[PDB]
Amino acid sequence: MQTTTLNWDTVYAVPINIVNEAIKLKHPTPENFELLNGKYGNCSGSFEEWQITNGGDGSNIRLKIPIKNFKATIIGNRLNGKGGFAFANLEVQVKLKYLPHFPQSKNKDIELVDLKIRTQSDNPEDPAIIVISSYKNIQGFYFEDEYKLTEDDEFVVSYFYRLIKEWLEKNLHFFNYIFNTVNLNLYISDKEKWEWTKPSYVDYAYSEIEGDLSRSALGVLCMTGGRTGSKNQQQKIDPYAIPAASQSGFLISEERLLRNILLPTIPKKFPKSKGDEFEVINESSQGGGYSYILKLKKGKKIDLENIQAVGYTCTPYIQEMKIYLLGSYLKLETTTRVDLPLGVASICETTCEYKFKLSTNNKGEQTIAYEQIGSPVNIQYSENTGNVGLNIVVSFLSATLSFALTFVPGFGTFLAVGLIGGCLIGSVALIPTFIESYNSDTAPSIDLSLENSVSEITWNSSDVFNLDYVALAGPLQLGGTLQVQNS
């Protein structure tokens, strides 16, 4: 399934279950609590472990806060008395926040930030804590009312939850779980490798789909390469971000793959050209918001190596091309044109397709491999303003066809290997040499590129990402399992 980063550079999606399980393991939830000397009443009870539950979106996180052995006193001129319950599940809505990590980084070029619950807010339209009106699994409720209670026990319970909220307002910090930690590379410049995967701005998002929680995720969203966030960015994860095959998913935007790897590399295929003929734009079909393609600028053409055709030396040229990401594939469409001096033009529109996958070199190290999918698909037509005879036209179109069927796969192979080059070595300058000497048996390990991409984000304090999947699915998509340090 094709996925998308939704205009972010990098996306790291972990199922909510994994996050909750980590919380229950580390037991950051406070045990006993008590509100003393409150104006509107007081209360006490015990918490069971807090957990993320469904109903959130983007910034907004729903927490299930199970409470037991609860009692409360309500103080008021109207509602007044003592009560409690044996068990209840309080639901609140909160936000999370990225805060400076401590101890800081020694490298002052890197700022470590932690993802933790936001404990306070001075914007009334954005309360730190919102009590949700849900009255689920309440057991052993009791209350002694000095006057009125025709409206149910639900009303008293809502009051209780607000007392619990008062305590929470002063004690949320007691829940200091670090969801993840992110290395912000401020100051990226000069000879930096993998700049398109080093985060320079980070935010998060809760995403749920119906069927819930089991399929819901918490996402780390990064802008990289010195880029920052904007209204252009939404706090959302695509439903297909995590490979169906894997626990967690990491995405590198197809836009970055194209602008930062292929666009600087593609001129080196044509020392004939000037080198300024290519561009990455936003125009392609169909679903989603928008897609990215690498094409010739309007008006430009690229001369190719000469061919012999029906007795004449001709220079084929690229009249139009599109490099783009679709489904599982890197796709290349090249329109080559050849003009015979007799007054006939050949036009071939040739499409090649490439898949990526997780592989290993001969030292058993994980790497990225590729393969061409089938053979070129071609469309050929012609224009005959010279009134050239059929026999010449047919022979001419044979020669130009043969050129397209040879040239365009060679072009696609260069691009495919070029892209692996960029991903594996992270330096644009070194890609041509990588392509020239590429060999799947000997291709470098992906580990260094992982250190500079995915491992720039650390979940649950010390998790290690165990890669088990690589594919192109619009953006480069990594599949893997978080290894919790056994301890």
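Start at 1 with the first residue shown and count on from there.
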- For the stretches 449 to 457 and 39 to 47, which has the higher mean C-alpha B-factor as given in the deposited record? 449 to 457
- Note on the structure: Between 431 to 439 and 416 to 424, the record assigns the higher mean Cα B factor to 431 to 439
- Highest Cα B-factor in the deposition, which of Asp203, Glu151, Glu305, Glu208? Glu151
- Task: For the C-alpha B-factor as written in the entry, point me to the maximum among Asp145, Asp126, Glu333, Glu255.
- Result: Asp145
- Query: For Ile261, does the deposited CA B-factor place it in the lowest, middle or highest third of the chain?
  - Reply: middle
- Query: If you rank the chain by CA B-factor, which third does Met1 end up in: lowest, middle or highest?
  - Reply: middle
- Rank-wise, by C-alpha B-factor, drop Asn77 into the lowest, middle or highest third of its chain. highest
- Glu279: C-alpha B-factor third of its chain, per the entry, is the middle
- So, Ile318's CA B-factor, relative to its chain, sits in which third? The lowest
